[PDB]
Amino acid sequence: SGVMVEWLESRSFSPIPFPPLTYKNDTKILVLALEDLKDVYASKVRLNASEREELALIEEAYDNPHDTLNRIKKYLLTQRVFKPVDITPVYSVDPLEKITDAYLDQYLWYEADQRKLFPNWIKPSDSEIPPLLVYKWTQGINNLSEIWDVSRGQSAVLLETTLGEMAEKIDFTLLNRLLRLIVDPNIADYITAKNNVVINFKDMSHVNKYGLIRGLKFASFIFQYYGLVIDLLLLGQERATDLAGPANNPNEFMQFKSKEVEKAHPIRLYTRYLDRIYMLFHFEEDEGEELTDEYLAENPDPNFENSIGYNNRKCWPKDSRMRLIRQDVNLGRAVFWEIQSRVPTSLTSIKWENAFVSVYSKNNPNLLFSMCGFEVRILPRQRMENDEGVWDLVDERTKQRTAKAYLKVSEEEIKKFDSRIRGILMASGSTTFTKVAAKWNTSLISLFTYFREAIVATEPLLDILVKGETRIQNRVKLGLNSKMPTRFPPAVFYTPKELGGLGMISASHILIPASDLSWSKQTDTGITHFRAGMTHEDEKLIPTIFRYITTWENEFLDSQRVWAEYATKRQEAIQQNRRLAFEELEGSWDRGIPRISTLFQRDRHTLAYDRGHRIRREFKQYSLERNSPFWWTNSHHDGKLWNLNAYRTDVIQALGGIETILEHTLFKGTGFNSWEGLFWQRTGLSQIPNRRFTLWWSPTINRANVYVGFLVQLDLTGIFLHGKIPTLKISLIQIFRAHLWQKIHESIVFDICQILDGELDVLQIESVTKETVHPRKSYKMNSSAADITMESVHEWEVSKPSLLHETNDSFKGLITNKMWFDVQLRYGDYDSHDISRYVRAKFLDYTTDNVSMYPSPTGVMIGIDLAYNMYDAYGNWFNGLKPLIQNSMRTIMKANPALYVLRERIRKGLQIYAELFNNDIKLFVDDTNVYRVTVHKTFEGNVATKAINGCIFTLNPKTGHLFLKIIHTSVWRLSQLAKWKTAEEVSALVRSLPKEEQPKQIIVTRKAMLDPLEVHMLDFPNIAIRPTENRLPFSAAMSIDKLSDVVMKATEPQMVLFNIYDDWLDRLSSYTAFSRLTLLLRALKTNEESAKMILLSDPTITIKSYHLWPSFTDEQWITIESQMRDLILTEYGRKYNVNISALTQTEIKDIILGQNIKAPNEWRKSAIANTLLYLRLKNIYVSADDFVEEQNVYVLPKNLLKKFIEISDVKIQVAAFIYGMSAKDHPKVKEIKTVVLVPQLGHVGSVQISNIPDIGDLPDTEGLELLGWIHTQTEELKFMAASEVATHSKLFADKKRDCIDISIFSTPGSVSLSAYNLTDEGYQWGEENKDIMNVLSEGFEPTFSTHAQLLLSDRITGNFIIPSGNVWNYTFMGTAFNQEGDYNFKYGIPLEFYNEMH
Amino acid sequence: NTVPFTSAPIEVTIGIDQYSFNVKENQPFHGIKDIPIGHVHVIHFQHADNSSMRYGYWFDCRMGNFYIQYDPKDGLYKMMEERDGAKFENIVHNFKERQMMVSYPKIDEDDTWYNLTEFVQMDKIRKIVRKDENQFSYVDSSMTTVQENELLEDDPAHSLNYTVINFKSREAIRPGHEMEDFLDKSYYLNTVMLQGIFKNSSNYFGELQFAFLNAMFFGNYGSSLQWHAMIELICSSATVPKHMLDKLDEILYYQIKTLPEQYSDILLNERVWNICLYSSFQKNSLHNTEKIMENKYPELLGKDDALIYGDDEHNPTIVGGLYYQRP
């Protein structure tokens, strides 16, 4: 109890206060707490009621932060009785209670961290992920002075044991006294009170009289603080103080202040993770022998048995595990017996059974320990008298390797992994194949990302991986067929999900057979094939996870490098009065631990306040039923620590690429030629149901190579079934329903006959006879007959037989009066789908067939593979027949209506621009701007919206017309009602056109329009409604002022119609006209402002009342067009950081692979650019902070800001003065009644500003209290820049001092405000400094500014006084300007920066 | 009552109502007896061969004496009616008397087949499946529906004449009520379908139940479609007769309960089930069905694995705004 008091006194510890009413960080602490709480629900889609209820409660809290804090502190202050806690060990605590608990947890950890309550040796720590801790600890041992020497008979000892039942035996009166030392006692009382509650195991309800409930959100804090008591008992006050270092200046983990104190004590090193203590002792020979004797006294070993029951590390070979020399063994127990004695059985239970003591000595060259699931063996380089998972331990003094650390995965963690896997197979179902593979992948990745190089060295874990992978595959195979396959194509398992594969990741030797690498393509010219050829093993191998994860050592070495680099870069930026820029570090973005990327994330500022986050995450196991396997890293704090995207690419390549992979699937049967990816909370965690998966892969699964001995033919079809594969037979029965097989055959035969009738004269055909054939003939797969018989004006001279695309058949040898056609259908598999080889074999077999009766010897057999959508023909040919059939077959395959049905049916089973300028009159409909709003997010968040006019944008792409219907505001479950209104209007337009002009297609930019518009267009069956893939920038139509103006003014519903093209068709073709138009529009989307500079920038070349665009020349058009053309991509370069690359266009695709970096005076253009600065008003961000009645909010009114930015500039700062008089009955409240434009000098960095204005003459100047100045800037910062500060002294240090700085940030599209309250120390510093032009200057410090409450209203208007002269801007008249002038004033209208005179 | 089998030529799995059993090749199986008289029944076949579709016969014992006989020419078992009672009345007892005939069981606690067929009527069946010569109805896995055939002779008896349901059609949508009728399907349900076609709730339910059973037993595409459509229609209607609503949850519950696991991803329609259960007007009226579905088919409904690797249409378009925030 008092070991803690002496320690806290020695540390001069400052107890944590009850959270103040105006606690600085309250809103941050609260949001972190609540975000933790929400996170459980982030993944899941449908929440049941308790989940659904709890979320409602969080959102309330978050919605009213101020009231919650009140709400919360009341409980901490007063609430000492609490609801029961359910357990299952996982504990469920009442949700309303949790919020207070979580707030409490975040507040304590932040405050304790600030106050250095927990010494460097306590772990887990926010400083490092566990594998990095294990690295640090092994290095730290390496660097102890003279540690590995054994010249003089010295020993080193590493004791590792558990503090048994530490949590379970906590006593509450003790705990309360203990908490009171470090915290407010209203808080100490809540915490212990909160542990004393009823625990409901489902039936029993029992009271928790003692012991810590690890489910409580702040239990982690108790546990570590209570641990510290035990650390102190183990270490004693002095050694603890040596390790920790002085309170004013403390000691980094395992660092000492001087070599002398390091050697001052037997205990060189100490760490606790959390329940587990590690202690490293050094002994000289007597110090050891001496200690062994004291121990051997109380526990003498007459017969030398102390070796039996001495825990050892069995996972190392017998030579590399500790050698049981009697002396070393005895020393081990002695350190244990000494240590054990220092801790009361009340505080914990320490037992020999759960401890491992490793001794390094002249007889033991290996130091062993186990930490965070790694087993570690250190062998010093001297004693080296086995290449896997090795860390080189480098001596910091000598810069040389002095030892090696060897790693393995612990047996206990290998079993955990094996159980996870067995559990996947074990889990109940009925589980989809994809689900099983996902579970496997998660287990695998979880293991690999954590253990990394340790896995390679651990052979039993390697074997378990391999068994596991096989088991996973084998469950999929059993699901597919009761019978186990002879062979199974790895493609089905390892093909990624995007291509319909299970997406398994491999840790095995999986050989891809060469027979699985073949694919084919049908072209207009012919059928063409690929077969594999020669390769080295490992072109034949499914890629494995091993090589895709950087080793911990490499990560750590590289982290040391890059973080040192950043420090250096940080050094210099400061030296040049600059803030360090992202790009400067780009290319170290994804390196380091934490990642360098963490420095530039947005939430960076708030994450600063998240302390205890590593321990917090580890403790979720107690309060959440299902948790992440990545509990050991946090992406917010750490960044992303692995990237496996490469694996996906490499697997696809290893399997033969997209074309080879899809050959195994039914993809070709869809009729699609090209692949582009469209199978079907924001995100998709979607999984393929087995029915679809099995159909997709059927060609490769349902074949003779995979399954034998059970071949049958499916009734009413030519399909063969190679086994009882679940759901496949029905899938195919459905696809061929209504006798489709039979009908396809008949329909194709009919098409052939019709074409032949057209060619009677030209080919000398006397007659074409359609034979009538047995009903089931289409699917007799062993015999056939003629379908069409043909006859002859006179005679035909015919080739011996050759295939439909063989090219010099010669017709001499033969003659006959009669030709026939046989149409054969087949349904192929991966093993067989060579229609060419198939028709030849069939033709040759059947014509010499003594059961197939054909009329003549001459004939042609045509073959279609229904599964693969391929065709070919074989037989005798006469002049001009072959080209007819070729063209014919080519047309029938595309158009035939029966085949179309087969394809549609197949696509349903699977759950699956040049045109635009053709004759068909087609329309585009965009409704993006139909119902549109403006937004007023309060600091709090009941976020209203106001509805402003909108437009239906309907356009004829070919011909450029525009029917704009203005959706007046009157008209208004609202956004949905938008769709139905649009559909109604479009259908009404269409009714008005007569059928000549009615569109044959309407294209909707947005998918949600499809249903409303079909429904409204039922009366127009001939009009297709088609959605699109493209992203089309019509939404940007309201960046066109003529348009925006008509809608916005508009006072009623109207149809106003234009020609967006503007006569370009005059010269230009429609295709192109679009292309400009798209260009014009995408740009505006990108920068409303950058774009419009390009068209008001040369006023003389100008726009007639008729058109929406300047009346440009054609070249400059070619120039204007030229500039934008890059810009789309710049926005691409800037946002994605890609400089230049292959010329692939960007209308439809966001991104693709790099990353090579290949290949090695009337301006007064401004006065334009400042024309367009009202744009920047569309979005205002006012910086905000928690209200206080005592600290007070200033208010600004609209017009004042409206002009101010109106008269502002785009690059150069501008400033003024604000006059405020408190509202009556509102002493706290302040209004910005007047702004005073004053003569000034402005710089991008800085400004020179005239002195406080005398309002004294100018009228009505009366009753007004100055509050301050307000200024613009082009760099956002969170603080007043050095220049701002300099200008703050300069006019407030006296007399008033107090007046605020309002800084405005102008960046295209938005304006961002902030107000700061200057400190005196600021006040002093500037007064030291004049003529500042930089944001950062030596001695400049941000702390000086404080926040002052700010607001913004429509509710008022203010008055502006200009200088009596009317001149305020002296940038171009620097010499005229005197900063110390006396100047007079008048009520007036201000003037823009670039008013003509300035 | 009894259904004799003249022989069992080929190895086949035989189902009657919710029960199934196998017969080996030329095992002496001469039929089923002690069939409860009250119900429509179905007897269905799948050959162990695997060449065959699922096929079967719906019948009513009261309308005739029915027997099964294998047809080698066709290669399947066929139902037939023995017009002469004495001759038929003769065949059993040689088979009952010589045993060789298996007994339909005596009912489980749940009274299951009745719950599945409570509204199904054979005379309605016979108008859906039109083969006027016979008193029993043959259905198999491949049969399309009249709706599908129209929206594209074959034997008209090989088409299922279910009532045509199409949610974007003139019949469903009144001109001048396009949005209203599409978002709330009550007009289509109540006026067009219940008042106009079925005439009764019981008729609507009967078709729905028949469609489900054909979907389950035969894995018939059109049937599954119809079943789901008939469910969707009710759930997507804001106004439904109260007695129908009460009834529906029970109807669906038994169907889902009786569904064996293997036929689930074949039958069930992800979209429709998630709509009806979680966003439809009548979602609350399906308490029991929701519970069983969540238990039997959680994956279909979204119940729970990590990211390995590493819109706004339903919101207004934002012109511009006023925002209070940190940075």
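Using the numbering of Swiss-Prot, the residues shown for chain B are 2-153, 169-320, 324-329, 339-355, in order.
Looking at the header, which is where the method is noted, we find X-ray crystallography, 3.1 Å.
Note that Cβ sites are derived from N, Cα and C of the backbone, with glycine treated the same way.
According to Swiss-Prot, the protein has these features:
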- B:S253: phosphoserine (MOD_RES)
- B:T274: phosphothreonine (MOD_RES)
- B:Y328: phosphotyrosine (MOD_RES)
- B:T345: phosphothreonine (MOD_RES)
- B:261-282: region 'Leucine-zipper' (REGION)
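Counting other Cβ atoms within 10 Å of each Cβ, the lowest count among the modified residues B:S253, B:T274 belongs to B:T274. Listed modified residues: B:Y328, B:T345. The one with the lowest count of other Cβ atoms within 10 Å of its Cβ is B:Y328. On a Cα basis, the residue listed as 'phosphoserine' lies 43 Å away from the residue listed as 'phosphotyrosine'. B:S253 (phosphoserine) sits 27 Å from B:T274 (phosphothreonine), taking the C-alpha atoms as the reference points.
Long-range neighbours of the region 'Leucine-zipper' (B:261-282) within the same chain, counting only residues 6 or more positions beyond its ends whose Cβ lies under 8 Å from a Cβ of the stretch, are 19, 111, 113, 116-117, 119, 217, 221, 224-225, 228, 232, 235, 240, 247, 250, 298, 301-305, 308-309, 312-313, 316. According to DSSP, B:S253 (phosphoserine) is assigned to coil rather than to any helix or strand. Secondary structure by DSSP for the region 'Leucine-zipper' (B:261-282): 20 helix, 0 strand, 2 coil. B:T274 (phosphothreonine) sits 48 Å from B:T345 (phosphothreonine), taking the Cα positions as reference. With a threshold of 8 Å between Cβ atoms, the modified residues B:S253, B:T274, B:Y328 that neighbour chain A are B:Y328.
15 residues between B:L153 and B:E169 have no modelled coordinates; the flanking Cα atoms are 13 Å apart. For the gap of 9 residues left open between B:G329 and B:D339, the distance from one Cα atom to the other is 22 Å.
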